Every structure is written in C-alpha cells, then in structure tokens.
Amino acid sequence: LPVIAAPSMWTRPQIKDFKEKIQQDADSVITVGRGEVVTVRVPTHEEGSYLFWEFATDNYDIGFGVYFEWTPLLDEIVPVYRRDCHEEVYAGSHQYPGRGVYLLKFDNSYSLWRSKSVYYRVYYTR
C-alpha cells in the first residue's frame, strides 16, 4: 500500500521582509475570521515532485496543518497545532505522494475575539 513521506518544517526570524514581499500581491493574504477555518487547496503540479510552503501572521498565533486529498480520501501530513508564526516565518516541505490536492488548514476556531491576518506562499519543484 502507498507509503507517505514525512514532511519537514523550518522557522526563520526574517518576518518583516517576508510580509513586505507578500503584501505586494493581494492573492497572497488571507483574513481568517473569529472561529473560522480556512482551507487552501493546492493541486499537485503535473511536472512537480515536492510541495513547499511559507506562512506567517500578525500579532497572534494560528493553528496550522496539512492534509493530502486523493483523486474523498485524506492523508494526514502535518497534524494541526498552533504555531507561533507571528514571531517567526514557518516554512515546510513534502514530497508529492501522487496526483491530488494538498489541504493547508489555517485554523482559528479557538479564537473568540481575534481575527488572524495570514501571509502565505505555496510552490512546487521540478
């Protein structure tokens, strides 16, 4: 049965340069609302081998995780937990297990009063 590769995750403090570079596009910023969970669907590129991602927030932490959708069959890649991505930039990677759709979960379901501003980029490698 198909085996899933373990993901990798990193952090870097160059958070201001990141955001400032992101804000130069509108389609790269998300405003997760109070009690809301936003799922970003990222299809595997036909000529790609790895997924790569970056993300950060302003002022507050947020829940982050990753799933892989087959094509409704799901594989848990990165378990959902709160990350201090308001202090640093979280990057990560995962080898494509096949053709499908990655589900990047930005989970703010636990927040009663705080909305979360999310800057993010998703990629693929040849």
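Numbering starts at 1 and runs along the sequence shown. Throughout, rigid core stands for the largest set of C-alpha atoms superposing within 1.5 Å between the two forms.
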*Between 41-49 and 96-104, report the one with more C-alpha displacement in 8 other deposited structures of this protein relative to this form after a rigid core superposition.*
41-49
*Are any deposited residues left out of the model between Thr71 and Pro72, and how many (none, 1 to 3, 4 to 9, 10 or more)?*
10 or more
*Take the C-alpha B-factors listed in the entry for 20-28 and for 103-111, compute each mean, and give the stretch with the larger one.*
20-28
*Name the higher of the two by mean Cα B-factor in the PDB entry, 61-69 versus 41-49.*
41-49
*Tell me, lowest, middle or highest third: where does the Cα B factor of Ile4 rank within its chain?*
middle
_Split into thirds by Cα B-factor across the chain's modelled residues, where does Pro97 land: lowest, middle or highest?_
lowest
